[PDB]
């Protein structure tokens, strides 16, 4: 995860510097809460979204290393800040191995810490650019990530969940940060219009695929044995891709088990898992993931030829095939 950037010589020093930069950007009076934010940063040195930002910055020559560093920090800080808040809403005890902030310091302090990160985020955005449309683009993205958070919340316990609805949700919730990464990196660096016109569609596709692969791993593996991630998902009424693709095959059978919601039992989830396996929801999901992956890879192949395109292909294939 950290040392996949060994395979990427032209951006590894940029990402190594970014880690150190990120740890310096968070300066807080409250040292117990400062230690927790920093710990979340230390266990997230894979820096995939900054990775995409930097890779796309190599298509232009107009941004300084200070601007790029600020632009890449902004993305990661926005990522971590939304995570802190998402972990409050989902009531999550763990994130990247470490215990979440609300568990150790209370829900309000976790919210405040998330809010704090938004102030650091906007500070880095301003440090990255003087260009007002680039700033607006960040605001619009932040607005779209939140819209994707509410779309998820309106879809809770909804068994009539359409594929369209799922795509619109995850495009805001997960894909928007990938699109913002690619777009800001290329636009700050002054890449040519043909690169810029493709960044968002590349980012959206990769992000959509990336979320799909997380949903796959929920229902993958051992069917007759209970799963930790799915239990909290089903009781909260979050029906991820393999399940939602399976609902149409047997609507009444599913509604029987899912009517219960929170009350859902330990054996009732095994029934849901057995049904998803029976109708091959996992297999159907992998197909979509692969088709979104191929769309990303195709669009990367329409970019200017060079070491950059090659690195984008390698990163996308590493992320989405394995």
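Residue numbers count along the first chain shown, from 1.
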item	value
Greater mean Cα temperature factor according to the PDB record, 96-104 or 197-205	96-104
Given 82-90 and 125-133, the range whose Cα B-factors average higher in the PDB entry	82-90
Selection from 192, 172, 185, 221 [criterion: highest C-alpha temperature factor in the record]	221
Largest Cα B-factor, entry values, listed residues 284, 28, 70, 47	28
Cα B factor band for residue 114 (lowest, middle or highest third within the chain)	lowest
Residue 263 - which third its CA temperature factor falls in, relative to the rest of the chain	highest
Entry-reported Cα temperature factor of residue 34, expressed as the chain third it lands in	highest
Record-listed C-alpha B factor of residue 232: chain third	highest
Third of chain Cα B-factors occupied by residue 181	lowest
